[PDB]
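Peer 1: One structure is given below, represented as C-alpha cells, and several questions about it will come after.
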Amino acid sequence: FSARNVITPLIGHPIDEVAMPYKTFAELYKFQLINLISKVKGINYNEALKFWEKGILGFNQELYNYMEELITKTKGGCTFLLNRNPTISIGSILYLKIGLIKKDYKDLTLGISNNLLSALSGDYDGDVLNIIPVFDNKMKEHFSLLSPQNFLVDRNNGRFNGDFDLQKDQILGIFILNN
Amino acid sequence: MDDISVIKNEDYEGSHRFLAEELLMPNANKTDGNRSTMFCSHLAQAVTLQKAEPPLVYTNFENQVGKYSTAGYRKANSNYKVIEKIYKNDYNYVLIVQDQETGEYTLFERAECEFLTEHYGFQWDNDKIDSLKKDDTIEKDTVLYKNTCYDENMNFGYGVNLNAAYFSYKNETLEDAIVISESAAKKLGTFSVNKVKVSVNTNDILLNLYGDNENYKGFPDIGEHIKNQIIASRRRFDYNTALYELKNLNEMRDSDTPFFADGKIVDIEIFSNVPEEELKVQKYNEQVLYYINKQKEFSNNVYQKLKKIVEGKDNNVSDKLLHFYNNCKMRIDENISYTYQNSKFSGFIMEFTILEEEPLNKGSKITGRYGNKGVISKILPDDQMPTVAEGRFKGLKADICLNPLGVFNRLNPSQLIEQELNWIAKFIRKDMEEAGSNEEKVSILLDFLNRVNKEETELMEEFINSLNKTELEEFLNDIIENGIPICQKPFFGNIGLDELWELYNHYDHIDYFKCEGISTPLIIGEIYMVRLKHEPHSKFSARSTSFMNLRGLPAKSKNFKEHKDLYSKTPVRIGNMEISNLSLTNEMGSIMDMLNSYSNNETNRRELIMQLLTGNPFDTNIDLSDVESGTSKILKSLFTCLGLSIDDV
Amino acid sequence: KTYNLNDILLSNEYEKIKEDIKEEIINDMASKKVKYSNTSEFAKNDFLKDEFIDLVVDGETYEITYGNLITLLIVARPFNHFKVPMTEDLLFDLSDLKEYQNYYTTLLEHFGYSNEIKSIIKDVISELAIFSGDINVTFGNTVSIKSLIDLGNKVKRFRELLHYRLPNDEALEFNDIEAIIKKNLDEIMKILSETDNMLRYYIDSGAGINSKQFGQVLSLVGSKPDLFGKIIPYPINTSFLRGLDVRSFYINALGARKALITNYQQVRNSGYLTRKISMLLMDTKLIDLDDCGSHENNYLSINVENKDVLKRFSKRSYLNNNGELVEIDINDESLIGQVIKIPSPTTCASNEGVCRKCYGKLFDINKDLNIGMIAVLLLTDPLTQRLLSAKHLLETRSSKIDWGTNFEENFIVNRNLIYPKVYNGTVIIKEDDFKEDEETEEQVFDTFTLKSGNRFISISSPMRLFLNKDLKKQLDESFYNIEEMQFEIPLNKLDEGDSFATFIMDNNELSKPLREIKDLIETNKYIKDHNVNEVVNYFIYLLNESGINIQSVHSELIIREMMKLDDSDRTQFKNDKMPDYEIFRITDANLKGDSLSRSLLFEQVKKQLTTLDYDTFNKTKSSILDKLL
Ligand SMILES: [Zn+2]
C-alpha cells in the first residue's frame with residue numbers, strides 16, 4: 001500500500017491540501033473502490049473487478065463520478081504520510097490531506113503548495129518522494145500530532161517557526177506592496 | 001602548490017586546443033566551473049527532437065562534430081552501381097550493389113526504426129535511398145539516409161529556438177520552474193520505440209481481440225495501430241476441464257496474462273519450432289500461418305536471385321553479404337530447430353517493434369546551453385501569455401518565462417549576453433525590413449556585423465558578392481523572415497563588456513518593450529532549448545498487492561521488464577531513520593500495529609483486507625487480532641540455531 | 001479618508017470590505033507606467049499604492065499609507081474570529097518584514113497556545129501568500145543586462161568600479177588583498193541601494209542577491225583554495241563579466257572539482273552519525289512531579305562571558321543570593337560577568353524522568369511530544385547542513401602574520417616570495433638548522449640569523465621557509481661550508497630582483513570548529529580527564545563560535561545519557577556528596593549500557609554474542625524499542 005511520485009508546485013489552495021494524479025489514487029485506494037461500486041451497480045465482486053480493470057487503462061467518466069464522492073463523504077478525508085529520502089531534519093515526514101484529483105490522464109505529478117516545500121528542505125530538481133496512506137480511524141487520531149498544524153510552533157524555543165513563513169519570491173512580493 | 005608556474009599564456013594564443021565538450025557552448029570564459037561542468041552531463045543526456053533546428057548563435061564548431069559522428073548517417077565509401085533490390089515487407093527491403101573499382105559486392109538495407117537502448121530511439125528519414133532505383137549510379141559524397149537531427153545540407157542541430165523572457169508569473173516559477181505556451185509545446189516533440197517479445201506454447205492460445213470469427217486476428221496487422229494498450233493476451237488451456245472455459249473467446253477471463261504496449265506496430269518476425277503439417281490444421285493459429293509463409297517466400301526469393309553470384313566462380317563478396325546469404329539460406333532447408341537462451345523452446349516465439357510519438361507533458365525538464373536547468377510546471381494557452389501592444393511590431397509573444405530570482409545568485413552571466421544579442425538582432429532586422437532597396441540593404445547588415453565579430457565580415461562580403469541578383473534577393477528575404485545569424489567563438493574571439501557598451505551607445509533609438517497590464521519595461525529574446533532524458537513516467541511506481549517473496553515479505557517482481565504490466569510494482573522500504581522519526585511521537589503501539597498489519601503478519605494482513613473490502617466504505621472501524629508475527633518466528637529459529645534464546649521477565 | 005478600524009474589525013462585513021479593497025489596488029496598478037531616472041532623486045511616479053490616510057484606534061491617530069492598511073486587515077483576522085477588540089499594544093510598524101515573526105509569537109502566547117488559535121494562524125499564511133502572487137504579475141520583476149549599463153553613464157563612481165584591476169607596482173600580502181575586495185564591495189552596496197535603479201527592490205528586501213556572491217560578477221574574484229586547502233598564490237585579476245584568461249581558467253577548474261568530490265563523499269557518509277546518537281538518546285521520558293528534591297549543592301555552575309551565552313539560557317531557573325529558583329531575565333544585562341547556579345537535567349533525581357522544575361517552563365510546549373527525540377534532530381540536522389552549505393563557499397579568509405622587526409626592515413614579502421633591500425648582506429646558516437620537510441622532504445630552515453656584515457640579528461620566521469631552487473644548485477659545492485660548521489650564502493652572488501625563499505600558507509578552514517565538536521564525542525581527547533562542570537562549559541564554547549542556535553536544555557540532555565553512574569541508582573543524588581561517575585564515548589556508552597534491545601541493533605554483532613567483554617548476559621533494563629524484538 002505505497003507509491004512514489006514527483007513534486008510540482010500548486011497554487012490557490014490551503015496549506016494542507018494536495019492533489020494526486022489519477023492513476024496512483026485509483027490503485028492505492030483500490031479495495032475501497034470495489035466496495036463502493038458493488039453496492040451502487042448491484043453486482044458481485046468478481047463482475048466488478050473486470051469493470052475496474054477497464055476503467056484504469058484509459059480515462060473514463062463512470063469511474064470518476066464514484067471517485068469524487070469517496071473523498072467528500074468519508075470521515076476526516078483521505079490522508080497519507082509523505083516523507084523524503086533521506087530524513088535527517090524535523091518535519092521531513094508530514095501528515096497531509098487530499099482535496100483535489102487531476103482530470104488529465106497523462107499527468108503523473110503530485111501538486112503541493114509552495115510554503116510546505118521549505119519544511120522538507122527540498123526543491124523541484126526532480127527528487128522522488130514516498131507516499132503511504134493511512135486507513136484505521138482510531139489510528140488517525142494518534143498520527144494527528146504529526147500534521148503541519150502541530151509543527152507551527154517551534155519546539156526549539158517556543159516562538160513562531162521560521163520554516164513555515166514567507167520565503168523566496170513571496171518575501172519580495174509583500175515588500176513591494178507594503179512599502 | 002607552485003606547479004602552476006609552468007603554464008604560460010604566451011603559447012595558448014588564438015587556438016582552442018584545451019577544450020573538450022565545451023566547443024559547443026559559447027562564451028565559455030564567462031560562466032564559472034561548477035555550472036559549466038553540468039553542461040557535459042546535460043549534453044550526454046539529450047533525447048532527439050522531431051523538429052530539430054540549427055542554433056541561431058552558432059560557435060562554428062558543431063559542423064565538424066556532426067561530420068565526424070558516424071552513428072547517425074551512412075554514406076557511400078566508394079562509387080557503386082545498383083545491381084538488384086528485393087522486398088521483404090511493406091516498408092523494409094534490401095538491395096545488392098556492386099563496386100565499379102574493385103568488383104566486390106555489398107548490401108544496403110532500408111529500415112524504419114533503430115533501437116538505441118531499451119526505451120529510446122529514432123526514425124530514419126530515408127529519402128535519397130528510396131529515389132534510387134533501376135541500376136543507377138551512386139557517387140562518393142552521397143548520403144543514403146540520415147537521422148532527424150541532420151538537415152538537408154549536412155548542417156547539425158540538436159535543439160530549438162524559442163522566444164523567451166525573464167518574468168514572474170503568480171509565483172509559479174519559484175525555485176526552478178518554467179511555464180510554456182501551447183504553441184511551443186506543439187513545436188517540441190520526442191520519439192519512442194520499443195521491442196516486445198511475446199511467447200506462445202503448445203497449450204496456450206490467443207484470444208480473438210481484433211475482428212470477428214471469420215478473421216481470427218490474434219494480433220494487429222502490419223501497419224495498423226494498437227488499441228486499449230493491449231497487444232495480445234494468452235490464456236492457459238487445460239486438457240481436463242475446457243468445456244466451461246472456452247465458451248466465449250471475445251472477452252477477458254479471470255486468469256489471463258495480457259501484454260501491454262503503446263504505439264504503432266511497424267515490424268514483426270516469427271520463429272517457429274513445430275512441424276508445418278500440424279500447424280496447417282489449427283484454425284485459431286491462422287494469422288501466424290499467413291505471416292510465416294510470407295516470410296519464407298522472401299527467403300526463397302534470395303536463393304533464386306543471387307545464387308549465380310556467390311556460388312559462381314567470382315565469389316568476390318564482402319563478409320556481410322556472405323553472412324546474410326548463409327543466414328537466409330538456413331531457413332529454407334529442412335530439419336532445423338532454433339534455440340533461445342541455450343534452450344530449445346517448444347512453441348513459436350515472435351518479435352514486435354512498436355513506434356510512438358510522445359508529446360511534451362507536465363513534469364518534463366528542459367535546459368539551455370549554459371546549464372540553466374528547469375522543470376515544466378504548467379502550460380497555458382497562448383492568449384494568456386504576455387504580449388506587446390504599443391510598439392511598431394505589436395504581436396510578438398514570449399513562449400517561456402524563466403525564474404528571475406536565481407540568475408545572479410547562480411553565477412552565470414552568459415544568458416543575459418545571449419538574450420541581449422538576440423534582442424539587438426531583432427531590432428536591427430526590423431530596421432532593415434522597414435525600408436531600403438537591395439542596393440544598400442546589405443550595408444545596413446554589414447555595419448552591425450562589423451561591431452560583433454570582425455572575422456565574419458570578410459566571409460559575409462565574399463558570399464554576398466559571389467551570388468547573382470535573384471539569389472541575393474531570395475537570401476535577403478530569407479534573412480528578413482527568420483533572422484540574422486550571429487557567430488562568436490567560445491573562448492578566444494567574442495564580445496565582452498566594452499564592446500557591448502559601445503554597441504549600446506551607438507544605437508540611441510532603442511527602448512525596452514512596453515507590455516500590456518505590466519507597467520514595467522521588458523525585453524524578449526530568442527534562446528536555444530534542448531530536451532532532457534528525465535521523465536516522470538520512468539520512475540513513477542505504485543503497489544497494492546504483488547507477488548510475495550519466498551520467506552513471506554513483499555519483494556520486487558520482474559514483470560515490467562517484459563511488458564506484462566503498466567506500473568513498476570515495486571514497494572518502497574522504510575529506512576533506518578524512518579522508524580525513529582515515526583517514533584518521534586510518544587505513541588508506539590500504533591506504529592507496531594501498522595507495521596504488523598501491513599507487512600509482517602499474514603493472518604493480520606488477510607483480516608485487514610477482508611474487513612476493508614466488506615463492511616462500511618465511508619467509515620472504517622477495523623479491529624486487528626493478536627497472532628505471533630512471522631519475523632518473530634524467523635528470529636527465534638535463527639537464535640535457537642545459534643544456541644541462544646530470548647526470555648521475557 | 002478615515003476608516004474606524006475598531007468598527008470595521010467587528011462590522012461583520014469583513015469579507016465585503018476586504019474584497020473591495022483587494023481589487024481596487026490591483027485594478028489601478030495595471031494602468032499607469034513606471035519611470036526611472038537613475039539619479040539620486042526619484043521619479044515622480046503616481047500610484048494608489050502610496051497615499052496617506054489617517055487610521056483611528058480608540059480615538060488615537062496613526063498616519064499610515066494605503067498600502068499598509070490592506071496588509072493590516074489581512075493579518076488581523078484572528079481578532080474578528082474570536083470577537084475581541086484590538087488595542088494598540090499588538091500594533092507594530094509594518095515597514096520592515098522581520099518584525100512579522102515577532103507579531104505571530106505575540107499572538108500565540110496572548111491566547112494561551114490554544115488549539116483553536118493554531119488553525120486561525122494557519123489560515124492567515126495561506127491568504128497572505130495568495131494575494132502576494134497577484135502583486136508580482138501586475139507589477140512585474142525583471143533582470144536585464146541593460147540595467148547595469150544605463151546606470152554607468154549617470155553615476156561616475158560606478159564606472160571606475162566596473163573597470164578595476166589590482167595594481168601590481170606595490171607589494172601586497174594575502175591579508176591586504178582581502179581588505180581591498182571588502183573595501184570595494186562595501187562601497188558598491190552603498191551606491192546601488194541609495195540611488196534609484198532597476199535592482200533597487202532586489203537589494204533592499206535582501207532576498208535573491210547575496211552580498212558576497214554578487215560581488216564576484218562585478219568586482220574581481222580574489223583568491224581560491226586547492227585540493228589540499230593550500231592557498232594558490234596566483235590571484236585572479238579579472239572579474240567574471242570582464243572575461244577570464246587561460247591561467248585563471250585552470251585555477252577555476254580546481255575549485256569546481258573540489259565541490260564534486262566533497263559532495264559525493266558526504267552523500268556516501270551522511271546518516272552514519274545520526275544513527276549513533278538517535279539509538280541511545282531515546283528512552284528519556286517526562287514525569288509531571290513538581291520537584292524531584294535534588295540538593296542545592298549539586299546544582300550545575302556555569303560561567304557567562306558574552307551576551308550570546310545569556311541568550312542560550314532562556315526560560316530557566318537560576319539561583320540568587322536573596323531569591324531562590326527565580327526565573328532568568330534575558331533583557332537584564334546585570335548577570336553578565338558572573339557565574340550562576342543553574343539547575344539542569346544532568347543532576348536530576350527522579351528514577352523515571354525529569355520533573356517540571358529541572359526542565360523549566362518549556363514543559364507546557366513539549367508536554368505531548370517526546371522530549372529525547374527533539375534534541376537529537378534539532379542538533380544533527382543543522383550540523384550536517386553547515387558542513388555542506390558553508391563548505392560550498394570556496395572563498396576563505398586569511399590571518400595576519402607577525403614577521404618581526406628585523407624581518408620587516410630587511411625583507412618586503414610579496415605573496416609567496418621574499419626580496420631583500422640590499423644584496424650586499426649575506427646570510428650565515430648552521431648545519432643543524434636544516435630539517436626534513438613533512439611533505440616535500442625538502443630542506444626547511446625555520447630559524448636563521450642573517451650575516452649582515454659585522455652586524456647580525458636573529459630571525460624567527462613564524463612559517464616554514466623553502467630555499468631558492470637557483471641558489472641551491474651552487475650550495476652543493478661552493479656554498480657548502482662544513483669547515484666552519486656554518487653555511488655561507490653570499491647574496492651578492494644572487495642577482496637583483498630574484499627569488500630567495502618561498503613559503504606556503506594554509507588558510508583557516510571555516511569547517512574546523514564544526515569538526516572538533518564531532519571529535520569531542522568520539523576521540524576521547526578531552527572528555528576523559530574532566531568533570532561535568534567543565535564539559536558543558538566547554539560544550540557551550542564550541543556552539544557559540546559555530547553559530548548554531550540551540551537552547552541549552554536540548555544540548556545538555558546528551559550529557560545526561562553520556563554520563564554513567566556506577567551505583568545505578570539516581571536517588572543517590574539526594575545525599576550531600578557527588579557519587580562517582582565515568583564518561584564514555586557515545587559508541588562505548590551504548591554497548592556498555594544496561595539495555596538489551598539497543599545493543600543488538602547497533603553494531604558489533606559478533607563481539608557481543610561470542611565473548612563477554614561488554615557482558616551482554618547481564619543487561620535486563622526495559623526499553624521503548626523492545627516491542628520490535
Ligand atoms: Zn529533578
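Every chain in the C-alpha cells takes a letter, A first, then B, and so on in the order presented; its residues are numbered from 1, and the ligands are numbered from 1 following the presented order.
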For ligand 1, return the neighbouring residues as a PyMOL selection string (distance at most 6 Å; only C-alpha atoms and all ligand atoms).
Peer 2: chain C and resi 291-292+348-350+354-355+358
Peer 1: Could you dump the residues just selected with N, CA, C and O atoms as a tab-separated table (two decimals), in the first residue's frame?
Peer 2:
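Output file out.tsv follows:
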chain	number	residue	atom	x	y	z
C	291	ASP	N	8.79	18.90	41.81
C	291	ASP	CA	10.21	18.98	42.15
C	291	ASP	C	10.71	17.61	42.59
C	291	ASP	O	10.09	16.95	43.42
C	292	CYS	N	11.84	17.19	42.02
C	292	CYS	CA	12.43	15.91	42.39
C	292	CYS	C	12.91	15.92	43.83
C	292	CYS	O	12.59	15.02	44.61
C	348	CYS	N	19.39	15.53	37.76
C	348	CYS	CA	18.03	15.23	38.16
C	348	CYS	C	18.01	14.02	39.08
C	348	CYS	O	18.95	13.22	39.12
C	349	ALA	N	16.93	13.88	39.84
C	349	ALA	CA	16.86	12.88	40.89
C	349	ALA	C	15.88	11.75	40.62
C	349	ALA	O	16.14	10.61	41.00
C	350	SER	N	14.75	12.04	39.97
C	350	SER	CA	13.71	11.03	39.77
C	350	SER	C	14.21	9.87	38.92
C	350	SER	O	14.90	10.07	37.92
C	354	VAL	N	12.83	13.51	34.02
C	354	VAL	CA	12.98	14.87	34.51
C	354	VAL	C	11.64	15.41	34.98
C	354	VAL	O	10.58	15.05	34.46
C	355	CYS	N	11.68	16.29	35.98
C	355	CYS	CA	10.48	16.88	36.55
C	355	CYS	C	10.22	18.24	35.91
C	355	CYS	O	10.88	18.61	34.93
C	358	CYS	N	13.24	21.03	37.03
C	358	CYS	CA	14.53	20.81	36.39
C	358	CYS	C	14.48	21.19	34.91
C	358	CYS	O	15.42	21.80	34.39
Peer 1: How would you write, as a ChimeraX atom specification, the set of residues in chain A that DSSP gives as alpha helix (DSSP H)?
Peer 2: /A:22-28,30-41,45-57,62-73,117-120,137-143,169-178
Peer 1: Per residue of chain B within 7 Å of chain C, record the nearest atom pair and its distance in Å to one decimal, counting only C-alpha atoms, with rows in chain order and ascending residue number, as JSON lines.
Peer 2:
{"residue": "B:1", "atom": "CA", "partner": "C:232", "partner_atom": "CA", "distance": 6.6}
{"residue": "B:7", "atom": "CA", "partner": "C:247", "partner_atom": "CA", "distance": 6.7}
{"residue": "B:9", "atom": "CA", "partner": "C:246", "partner_atom": "CA", "distance": 6.4}
{"residue": "B:29", "atom": "CA", "partner": "C:244", "partner_atom": "CA", "distance": 5.4}
{"residue": "B:30", "atom": "CA", "partner": "C:240", "partner_atom": "CA", "distance": 5.6}
{"residue": "B:33", "atom": "CA", "partner": "C:256", "partner_atom": "CA", "distance": 5.2}
{"residue": "B:34", "atom": "CA", "partner": "C:256", "partner_atom": "CA", "distance": 4.8}
{"residue": "B:166", "atom": "CA", "partner": "C:142", "partner_atom": "CA", "distance": 5.8}
{"residue": "B:167", "atom": "CA", "partner": "C:142", "partner_atom": "CA", "distance": 5.7}
{"residue": "B:168", "atom": "CA", "partner": "C:141", "partner_atom": "CA", "distance": 6.4}
{"residue": "B:169", "atom": "CA", "partner": "C:137", "partner_atom": "CA", "distance": 5.6}
{"residue": "B:170", "atom": "CA", "partner": "C:133", "partner_atom": "CA", "distance": 4.6}
{"residue": "B:171", "atom": "CA", "partner": "C:133", "partner_atom": "CA", "distance": 5.8}
{"residue": "B:404", "atom": "CA", "partner": "C:143", "partner_atom": "CA", "distance": 6.0}
{"residue": "B:405", "atom": "CA", "partner": "C:208", "partner_atom": "CA", "distance": 5.6}
{"residue": "B:406", "atom": "CA", "partner": "C:208", "partner_atom": "CA", "distance": 6.6}
{"residue": "B:408", "atom": "CA", "partner": "C:214", "partner_atom": "CA", "distance": 6.5}
{"residue": "B:409", "atom": "CA", "partner": "C:209", "partner_atom": "CA", "distance": 6.1}
{"residue": "B:416", "atom": "CA", "partner": "C:145", "partner_atom": "CA", "distance": 5.9}
{"residue": "B:496", "atom": "CA", "partner": "C:242", "partner_atom": "CA", "distance": 6.1}
{"residue": "B:497", "atom": "CA", "partner": "C:242", "partner_atom": "CA", "distance": 5.9}
{"residue": "B:501", "atom": "CA", "partner": "C:149", "partner_atom": "CA", "distance": 6.9}
{"residue": "B:517", "atom": "CA", "partner": "C:30", "partner_atom": "CA", "distance": 4.8}
{"residue": "B:518", "atom": "CA", "partner": "C:138", "partner_atom": "CA", "distance": 5.2}
{"residue": "B:519", "atom": "CA", "partner": "C:33", "partner_atom": "CA", "distance": 4.6}
{"residue": "B:520", "atom": "CA", "partner": "C:140", "partner_atom": "CA", "distance": 6.2}
{"residue": "B:584", "atom": "CA", "partner": "C:373", "partner_atom": "CA", "distance": 5.8}
{"residue": "B:585", "atom": "CA", "partner": "C:369", "partner_atom": "CA", "distance": 5.6}
{"residue": "B:586", "atom": "CA", "partner": "C:370", "partner_atom": "CA", "distance": 5.4}
Peer 1: Would you mind listing what lies within 12 Å of region 152-154 of chain A as a compact mmCIF listing (two decimals) with N, CA and C atoms, in the first residue's frame, with only C-alpha atoms counted and same-chain residues fewer than 3 positions away left out?
Peer 2:
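For reference, result_20.txt as written:
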# COMPACT_ATOMS: atom_id res chain seq x y z
N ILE A 15 -2.97 25.45 2.91
CA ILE A 15 -1.59 24.99 3.04
C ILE A 15 -1.49 23.48 3.23
N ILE A 90 13.80 17.69 11.26
CA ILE A 90 12.48 17.63 11.86
C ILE A 90 11.44 18.10 10.85
N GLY A 91 10.34 17.36 10.76
CA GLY A 91 9.31 17.68 9.80
C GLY A 91 9.53 17.14 8.41
N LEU A 116 4.81 24.78 2.03
CA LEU A 116 5.15 23.49 2.63
C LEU A 116 6.46 22.92 2.09
N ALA A 119 9.67 23.10 4.40
CA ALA A 119 9.75 22.18 5.53
C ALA A 119 10.56 20.94 5.18
N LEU A 145 -0.80 14.35 15.62
CA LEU A 145 0.26 15.16 16.19
C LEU A 145 1.35 15.49 15.18
N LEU A 146 1.44 14.74 14.08
CA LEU A 146 2.45 14.97 13.06
C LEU A 146 1.96 15.88 11.94
N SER A 147 0.74 16.40 12.04
CA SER A 147 0.23 17.27 11.00
C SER A 147 0.99 18.60 10.98
N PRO A 148 1.02 19.29 9.84
CA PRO A 148 1.71 20.59 9.79
C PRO A 148 1.12 21.63 10.72
N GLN A 149 -0.13 21.46 11.15
CA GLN A 149 -0.71 22.38 12.12
C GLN A 149 0.05 22.33 13.44
N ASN A 157 12.47 26.84 20.68
CA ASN A 157 12.40 28.00 21.56
C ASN A 157 11.01 28.27 22.10
N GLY A 158 9.97 28.05 21.30
CA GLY A 158 8.62 28.41 21.67
C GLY A 158 8.06 29.59 20.90
N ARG A 159 8.81 30.13 19.94
CA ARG A 159 8.33 31.22 19.10
C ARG A 159 7.70 30.66 17.83
N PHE A 160 7.25 31.56 16.96
CA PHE A 160 6.71 31.15 15.67
C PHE A 160 7.81 30.55 14.81
N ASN A 161 7.53 29.39 14.22
CA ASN A 161 8.54 28.69 13.44
C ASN A 161 8.84 29.45 12.16
N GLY A 162 10.13 29.66 11.88
CA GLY A 162 10.53 30.40 10.70
C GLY A 162 10.41 29.63 9.40
N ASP A 163 10.41 28.29 9.46
CA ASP A 163 10.32 27.50 8.24
C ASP A 163 8.96 27.67 7.57
N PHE A 164 7.89 27.70 8.36
CA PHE A 164 6.54 27.87 7.82
C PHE A 164 6.19 29.36 7.73
N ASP A 165 7.02 30.08 6.98
CA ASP A 165 6.85 31.52 6.80
C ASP A 165 7.13 31.86 5.35
N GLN C 101 7.59 38.12 12.35
CA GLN C 101 7.74 36.96 13.22
C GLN C 101 7.54 37.32 14.68
N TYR C 104 3.53 37.29 15.23
CA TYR C 104 2.90 35.98 15.40
C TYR C 104 3.16 35.41 16.78
N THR C 105 4.41 35.52 17.26
CA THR C 105 4.73 34.98 18.58
C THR C 105 4.13 35.80 19.71
N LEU C 107 1.03 36.64 19.38
CA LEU C 107 -0.37 36.24 19.27
C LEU C 107 -0.60 34.88 19.92
N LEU C 108 0.35 33.95 19.75
CA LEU C 108 0.20 32.62 20.34
C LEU C 108 0.17 32.70 21.86
N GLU C 109 1.15 33.37 22.46
CA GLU C 109 1.22 33.44 23.91
C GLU C 109 0.11 34.29 24.50
N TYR C 113 -1.74 29.51 23.65
CA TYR C 113 -1.34 28.35 22.84
C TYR C 113 -2.50 27.40 22.59
N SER C 114 -3.70 27.97 22.46
CA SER C 114 -4.89 27.16 22.28
C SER C 114 -4.86 26.44 20.93
N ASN C 115 -5.54 25.30 20.87
CA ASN C 115 -5.62 24.56 19.61
C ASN C 115 -6.41 25.34 18.56
N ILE C 117 -6.37 28.69 18.10
CA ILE C 117 -5.60 29.78 17.52
C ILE C 117 -4.58 29.26 16.52
N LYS C 118 -4.18 27.99 16.63
CA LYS C 118 -3.27 27.42 15.64
C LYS C 118 -3.93 27.32 14.28
N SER C 119 -5.21 26.94 14.25
CA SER C 119 -5.92 26.84 12.98
C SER C 119 -6.08 28.21 12.32
N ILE C 120 -6.39 29.24 13.12
CA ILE C 120 -6.59 30.57 12.56
C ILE C 120 -5.31 31.11 11.95
N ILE C 121 -4.18 30.92 12.64
CA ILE C 121 -2.90 31.39 12.11
C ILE C 121 -2.54 30.63 10.84
N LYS C 122 -2.88 29.34 10.79
CA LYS C 122 -2.66 28.57 9.57
C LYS C 122 -3.48 29.11 8.40
N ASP C 123 -4.61 29.76 8.69
CA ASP C 123 -5.40 30.36 7.62
C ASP C 123 -4.78 31.66 7.12
N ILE C 125 -1.60 32.49 6.86
CA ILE C 125 -0.47 32.24 5.98
C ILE C 125 -0.94 31.96 4.56
N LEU C 362 9.40 25.28 29.65
CA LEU C 362 9.04 24.72 28.35
C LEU C 362 8.21 23.45 28.47
N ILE C 365 4.89 23.45 26.44
CA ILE C 365 5.02 23.46 24.98
C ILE C 365 5.26 22.05 24.45
N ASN C 366 6.15 21.30 25.10
CA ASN C 366 6.55 19.97 24.63
C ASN C 366 6.01 18.87 25.54
N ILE C 374 13.43 15.22 20.25
CA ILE C 374 13.52 16.59 19.75
C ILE C 374 14.97 17.06 19.77
N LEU C 378 17.24 18.24 16.48
CA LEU C 378 17.49 19.68 16.49
C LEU C 378 18.96 20.02 16.35
N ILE C 550 20.76 26.78 19.39
CA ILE C 550 20.13 25.66 20.09
C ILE C 550 20.03 26.02 21.57
N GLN C 551 18.85 25.80 22.15
CA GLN C 551 18.66 26.07 23.57
C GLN C 551 19.48 25.10 24.41
Peer 1: Near chain C, meaning an atom within 6 Å, which residues of chain A appear when counting only C-alpha atoms? Write them as a list in words.
Peer 2: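 Using only C-alpha atoms, chain A residues at most 6 Å from chain C: residues 14, 15, 88, 89, 159, 160, 173, 174, 177, 178 and 179 of chain A.
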Peer 1: Hey, list the chain A side of the contact with chain B: 7 Å cut-off, only C-alpha atoms, answer as a PyMOL selection string.
Peer 2: chain A and resi 1-5+8-9+24+27-28+31-32+35-36+57+73-75+87+107-109+123-124+130+136-137+139+142+169
Peer 1: Identify, on the basis of only C-alpha atoms, every residue whose closest approach to residue 38 (chain C) does not exceed 12 Å; exclude the query and any residue fewer than 3 positions from it along the same chain; express the result as a count of residues only.
Peer 2: 24
Peer 1: From the list B:178, B:360, B:118, B:469, which residue is nearest residue 106 (chain A) when using only C-alpha atoms?
Peer 2: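 Among the listed residues, the smallest separation from residue 106 (chain A) belongs to B:360.
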Peer 1: Near residue 223 (chain B), counting only C-alpha atoms, which residues have an atom at most 10 Å away, once you skip same-chain residues fewer than 3 positions from it, shown as a ChimeraX atom specification?
Peer 2: /B:90-91,220,226,264-267
Peer 1: Would you write out those residues with N, CA and C atoms, as a PDB file, in the first residue's frame?
Peer 2:
ATOM      1  N   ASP B  90       6.212  -4.539 -46.065  1.00  0.00           N
ATOM      2  CA  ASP B  90       5.594  -3.329 -46.596  1.00  0.00           C
ATOM      3  C   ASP B  90       6.607  -2.196 -46.708  1.00  0.00           C
ATOM      4  N   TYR B  91       7.478  -2.055 -45.711  1.00  0.00           N
ATOM      5  CA  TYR B  91       8.475  -0.993 -45.689  1.00  0.00           C
ATOM      6  C   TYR B  91       9.893  -1.504 -45.888  1.00  0.00           C
ATOM      7  N   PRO B 220      -2.453  -7.438 -34.088  1.00  0.00           N
ATOM      8  CA  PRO B 220      -2.677  -6.404 -35.106  1.00  0.00           C
ATOM      9  C   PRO B 220      -1.929  -6.701 -36.397  1.00  0.00           C
ATOM     10  N   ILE B 226      -2.401  -0.186 -32.513  1.00  0.00           N
ATOM     11  CA  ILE B 226      -2.976  -0.974 -31.430  1.00  0.00           C
ATOM     12  C   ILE B 226      -3.978  -0.130 -30.654  1.00  0.00           C
ATOM     13  N   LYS B 264       2.461   2.396 -32.561  1.00  0.00           N
ATOM     14  CA  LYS B 264       2.072   1.830 -33.846  1.00  0.00           C
ATOM     15  C   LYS B 264       3.077   0.751 -34.220  1.00  0.00           C
ATOM     16  N   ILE B 265       2.580  -0.446 -34.512  1.00  0.00           N
ATOM     17  CA  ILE B 265       3.441  -1.583 -34.816  1.00  0.00           C
ATOM     18  C   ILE B 265       3.962  -1.453 -36.241  1.00  0.00           C
ATOM     19  N   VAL B 266       5.281  -1.579 -36.404  1.00  0.00           N
ATOM     20  CA  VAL B 266       5.932  -1.395 -37.693  1.00  0.00           C
ATOM     21  C   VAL B 266       6.581  -2.676 -38.203  1.00  0.00           C
ATOM     22  N   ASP B 267       7.161  -3.486 -37.317  1.00  0.00           N
ATOM     23  CA  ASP B 267       7.926  -4.646 -37.750  1.00  0.00           C
ATOM     24  C   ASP B 267       7.632  -5.851 -36.871  1.00  0.00           C
TER      25      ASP B 267
END
Peer 1: Could you give me, as number ranges by chain, each residue of region 207-387 of chain C that DSSP assigns to strand (DSSP E) when run on this structure's backbone?
Peer 2: C: 300-303, 317-318, 326-327, 339-342
Peer 1: Excluding residue 302 (chain C) and its own-chain neighbours fewer than 6 positions away, which residues fall within 12 Å of it when counting only C-alpha atoms? Please give them as a list in words.
Peer 2: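 Using only C-alpha atoms, the neighbours found are residues 309, 310, 312, 313, 318, 319, 335, 336, 337, 338, 339, 340, 341, 342, 343, 344, 532, 533, 534, 535, 536, 537, 538, 539, 540, 541 and 552 of chain C.
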Peer 1: When you draw a straight line from CA of residue 39 (chain A) to CA of residue 66 (chain A), how long is it in Å?
Peer 2: 11.4 Å
Peer 1: Quick one: residues within 12 Å of residue 180 (chain C), only C-alpha atoms, excluding same-chain residues fewer than 5 positions away - as a list in words?
Peer 2: residues 161, 164, 165, 166, 167, 172, 173, 174, 175, 185, 186, 187, 219, 220, 221 and 222 of chain C
